[PDB]
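In structure tokens, one chain follows: the form deposited in one PDB entry.
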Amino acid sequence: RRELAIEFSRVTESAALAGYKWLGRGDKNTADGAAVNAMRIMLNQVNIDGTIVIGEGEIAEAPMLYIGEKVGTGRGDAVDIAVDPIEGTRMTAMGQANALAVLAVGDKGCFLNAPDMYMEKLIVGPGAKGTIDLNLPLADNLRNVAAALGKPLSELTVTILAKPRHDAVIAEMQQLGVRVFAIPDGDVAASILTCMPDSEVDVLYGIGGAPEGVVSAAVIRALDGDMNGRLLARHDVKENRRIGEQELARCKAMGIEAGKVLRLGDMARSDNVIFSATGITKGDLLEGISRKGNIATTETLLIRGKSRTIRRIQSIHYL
């Protein structure tokens, strides 16, 4: 499957390019719809027998890249697919930094199927692999990570979604003497920073999308870091109890129990993962698309769990 790595990077490049057309145009859903459409089109020309496992939603409210959709030419291997055609849709609509197009491809059955609900995440890179456990308190995890990283706590840097749900815990960490990078959106890209040496980020902690968590699980596994997650029902996080109760019903069926700590391998089950991400706007991880005349440029991160060549591909496209 390593011959397909380039094909997959083309899938994100094309989703990025299509989402870029809608940058700064104040329309979340048209930008997203364009990226989705372009990603599906590209994936349907790749020689895989793909099943969308993480995607735009159920068949009833997502016509494209719905959960269980078959993609690819059907030649090649049966593979699980996680798509996030635009991570940072609001940012794309507003012309802000950190928008990117995301894809992960793995072995059949490789990715946890969990509902579109919230997940508490704790993520670190290779130097702190094995030092984390979400059953312990945050403070304990943080000291353990700092100690394994070989730095004082006060030097430790934690990134976290800047959201109301997170005020209490951001205070607790600042009080504890930790540097807190609060980001507006995008915990998929931010989790990868834990494994990028020239990023000051050591740790991602906090509650974001469950499907995003499973994509971070896959790439974090590929990069040999570590992650724990914990599914949480809407009302435990924020008539939320209405949607929170179907999430728990969906959990029983799926069949997983919320509130239990997922280890790395509970979410990303093998090392055979190809991860691809292409920047739409510039961010901590990737350069944005530039476009002068009939010539556009993209930067793509391409990671394959079987190895460690981490690839950054700078493409010059003649449209």
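Rigid core: the largest C-alpha set superposing within 1.5 Å between the two forms. From 1 onward, residues are counted along the sequence shown.
We do not show the form deposited in another entry, though everything after this point is about it.
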Taking only shifts of 2 Å or more in Cα after a rigid core superposition between the shown form and the other one, tell me which of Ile132, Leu103, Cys110, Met117 qualifies. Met117
Once the two forms are fit on the core, has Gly26 moved its CA by at least 2 Å between the shown form and the other one? yes
Once everything's superposed on the core, is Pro197 shifted 2 Å or more at the Cα between the shown form and the other one? yes
Does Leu223 shift between the shown form and the other one by 2 angstroms or more at the C-alpha, the core having been superposed? no
Relative to what is shown, are the Cα atoms of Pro126 and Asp185 closer or farther apart in the other form, where the gap shifts by 3 Å or more? closer
Relative to what's shown here, the Cα pair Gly305 and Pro197 differs by 3 Å or more in the other form. Does it come closer or drift farther? closer
